[PDB]
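Starting off with a structure, shown below.
Lettering of chains follows the sequences in order, A, B, ..., and the numbering in each one begins at 1. Reckoned from all heavy atoms, side chains included, excluding hydrogens, waters and symmetry mates.
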Amino acid sequence: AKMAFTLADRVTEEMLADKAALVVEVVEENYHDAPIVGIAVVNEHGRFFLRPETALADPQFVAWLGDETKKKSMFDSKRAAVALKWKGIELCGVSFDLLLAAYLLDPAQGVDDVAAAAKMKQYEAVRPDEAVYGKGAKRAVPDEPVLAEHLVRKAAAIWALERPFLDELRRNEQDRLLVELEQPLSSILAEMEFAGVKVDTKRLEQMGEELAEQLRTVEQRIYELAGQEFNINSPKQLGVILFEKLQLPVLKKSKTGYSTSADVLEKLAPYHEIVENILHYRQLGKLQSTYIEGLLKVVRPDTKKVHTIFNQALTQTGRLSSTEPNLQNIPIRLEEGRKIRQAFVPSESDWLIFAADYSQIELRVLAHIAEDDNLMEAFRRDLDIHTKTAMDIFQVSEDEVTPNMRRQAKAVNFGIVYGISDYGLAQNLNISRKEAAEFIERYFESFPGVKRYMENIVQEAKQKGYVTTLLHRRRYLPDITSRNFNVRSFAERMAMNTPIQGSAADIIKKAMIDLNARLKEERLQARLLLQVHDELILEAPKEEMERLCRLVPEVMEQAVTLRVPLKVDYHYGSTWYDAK
DNA sequence: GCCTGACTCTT
DNA sequence: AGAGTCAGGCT
Ligand SMILES: [Mg+2]
């Protein structure tokens, strides 16, 4: 049952064909500066396993890796590329990435190893990585014969599966999406991760000192007001103090017991002085543990940088996610929190952070796809979209829009951009399900084109089995036909939301590719550091700011041509915080 | 150790 | 929705 291969102790020319499946195995979850445990090559001449100390010290092998005209098929090529970048080796000529191919074919499969991709085409001659490496504490690299066979089987699966994946992509009109968008983006992301983002650890540490002291003050005040010490961070213990000792009313239960969420506690504040102090404690503790301690833990002491990993094959919308650290949820809303962004600084002296963000990209996409005359007109006039929505829903003039009217309109706009239920909108606005339904109804009378689009997109999802984005990304929605109402409704909302959010993701990904090309053409030293859904963050010499002010917004604005303009705001400063 | 549930940040 | 932290109950 053992697949034939050559366990090479030296590199030979027949290993360096100009078309090959390549496995460069990094087993550590976080691949930054991580070991490469083994290498496998499959090509028309046979199957080969190479030890990394052998292969990666071979000038011919390394040149082969770096020759763009020697084509390679891989799985998760960014992992390999980055691990190699840390060893000073460049990987080029990756013409097919099976991870990204499987992701585009069906993002809900959750394909995370070669075995899971292979299964989609009834190929099972490869083991899941979890079966070979083990799980958790038991995770280990096996002995060489077991390792070697695994890597060769992965490589053989890649070799076999390229053709059928490419054929289905083509049938779906997704072949360009793979080859011209996701794969090129993967190289750009690899560069971004490798560059990293410099952190002023001293400033974070001082902030942590300050928080630590404010926490101790509040924590003591909590115990005074409770008349005893307890674990504030245990919703169980807190529940007993609040709802039993202090007899506060129970406005919401959870599966386990009593809810202690911020929104419940906010309704309880008038009853007892402990509640505000709990909320304050939760806010500070969140900052301290998730953003000060959580960032400090993942700063590389060697670089003084954080090197995130972007997961390009996770979301069902096509958005990127970010880990270790997650840089897509750094506080912005509250000033105390926002100050965390002061710790993200340029990696060189006399460089600055430059940030550019799309203004209402999701609603502008909606205008374009729905062709709603009112929404299209609003963006053609570059109106404040929330004020304009308030004017229409409440049928008032601009100077009759009150702050609460605007807040409520904005909540409706948010519910559209994120596909939330009427229940969700109700929770968000602290109103009844019924009143939420009336708001939504008023919206559709002002934007009948959006209503029509919603109805049409759901019918299309029902007919075809899936919805698509501008750039041909697909999401299958088998629950759209369910008889469970909550199940069906969620799927209908995903039918509505996905073309919106997915198309925005498509646009920014194209912008990133276009921007990388232009930065090179223009000979700038500016580099992309991060993407945060609708914004791009770069660092550059201070001497490049004026050029980037013109360059970056134009590249982002012209990424696609919609029925409405795209608009990009930008800022720069000495820290990410100041780039506001 | 491993797993789940509660909670919270941004988008 | 996605990532992360903490507790608490599992083995
Ligand atoms: Mg924005």
### Query
Quick one: ring pair (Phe, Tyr, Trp, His ring centres under 6.0 Å) partners of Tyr418(A), sequence neighbours excluded?
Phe414(A)
### Task
May I have all residue pairs that pass side chain to side chain donor-acceptor pair (under 3.5 Å) and include part of residues 489-506 of chain A, sequence neighbours excluded?
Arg319(A)-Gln501(A), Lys462(A)-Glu492(A), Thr469(A)-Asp506(A), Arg473(A)-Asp506(A), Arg475(A)-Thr498(A)
### Task
Would you please confirm or rule out a distance under 4.0 Å between OP1 or OP2 of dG4(C) and any side-chain N or O of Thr290(A)?
no
### Message
For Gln109(A), give me all partners under side chain to side chain donor-acceptor pair (under 3.5 Å), at least two apart in sequence or on another chain.
### Response
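Counting only residues at least two positions away or on another chain, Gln109(A) forms a side chain to side chain donor-acceptor pair (under 3.5 Å) with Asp106(A).
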### Summary
Whole-Å distance, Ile500(A) CD1 to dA1(C) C1', equals 15 Å
### Task
Figure out the CG/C1' separation between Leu238(A) and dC6(C), and round it to whole Å.
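So the CG-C1' distance, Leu238(A) to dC6(C), works out to 13 Å.
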### Message
If the condition is side chain to side chain donor-acceptor pair (under 3.5 Å), which residues does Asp382(A) pass it with, not counting sequence neighbours?
### Response
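Here the qualifying residues are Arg364(A), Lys567(A).
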### Message
According to ring pair (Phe, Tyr, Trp, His ring centres under 6.0 Å), who are the partners of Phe344(A), at least two apart in sequence or on a separate chain?
### Response
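Ring pair (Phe, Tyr, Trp, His ring centres under 6.0 Å) list for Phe344(A), sorted by chain: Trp576(A).
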### Query
Does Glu224(A) come within less than 4.0 Å of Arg221(A), counting only side-chain N to carboxylate O?
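Salt bridge present between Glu224(A) and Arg221(A).
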### Task
In whole angstrom, give the distance that lies between atom CD1 of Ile309(A) and atom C1' of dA3(C).
13 Å
### Query
Where along residues 216-233 of chain A does a heavy atom fall under 4.0 Å from DNA chain C?
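The answer is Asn231(A), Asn233(A).
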### Task
Can you label the angle between the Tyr476(A) ring and the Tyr466(A) ring as parallel, tilted or perpendicular, going by 30° and 60°?
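Perpendicular: the ring planes of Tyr476(A) and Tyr466(A) meet at over 60°.
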### Query
With sequence neighbours left out, what residues match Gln174(A) under side chain to side chain donor-acceptor pair (under 3.5 Å)?
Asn172(A)
#### Entry: Spacing between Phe310(A) atom CZ and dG2(C) atom P, to the nearest angstrom
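Rounded to the whole Å, the gap is 16 Å.
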### Query
Using a cut-off of 4.0 Å on non-hydrogen atoms, how would the nucleic acid contact of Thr317(A) be classed: base, sugar-phosphate, or nothing?
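If one applies the 4.0 Å heavy-atom cut-off, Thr317(A) turns out to touch nothing in the nucleic acid.
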### Query
What is the distance from CD of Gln531(A) to P of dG2(C), rounded to the nearest Å?
15 Å
#### Entry: Pairs satisfying salt bridge (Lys or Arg N to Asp or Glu O under 4.0 Å), at least one member in residues 247-268 of chain A, at least two apart
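Listed by first then second residue: nothing to list.
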### Message
Taking any heavy-atom pair under 4.0 Å as a contact, classify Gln237(A): base, sugar-phosphate, or nothing.
### Response
sugar-phosphate
### Query
Between atom CD in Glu324(A) and atom P in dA3(C), what is the gap in whole Å?
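In whole Å, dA3(C) P lies 11 Å from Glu324(A) CD.
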### Shortest side-chain distance from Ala137(A), nucleotide among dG2(C), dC2(B), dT5(C)
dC2(B)
### Task
Would you please name every residue forming a salt bridge (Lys or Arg N to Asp or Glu O under 4.0 Å) with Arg527(A), sequence neighbours left out?
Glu348(A), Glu539(A)
Less than 3.5 Å apart, which donor and acceptor atoms pair up between the side chains of residues 237-246 of chain A and the rest of the protein, not counting sequence neighbours?
from, atom 1, to, atom 2, distance (Å)
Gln237(A), OE1, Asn231(A), N, 2.8
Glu244(A), OE2, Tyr258(A), OH, 3.2
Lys245(A), NZ, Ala226(A), O, 2.8
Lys245(A), NZ, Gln228(A), OE1, 3.3

## Note on the structure
Given protein heavy atoms under 4.0 Å, the one-letter contact record of nucleotides 5-11 of chain B, with B base, S sugar-phosphate only and - none, is simply SSSBBSB
### Message
At less than 4.0 Å, is any side-chain N or O atom of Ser234(A) found next to OP1 or OP2 of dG8(C)? Yes or no.
### Response
yes
Give me, pair by pair, the N or O atoms of the protein and of nucleotides 9-11 of chain C that are less than 3.5 Å apart, along with how far apart they are.
none

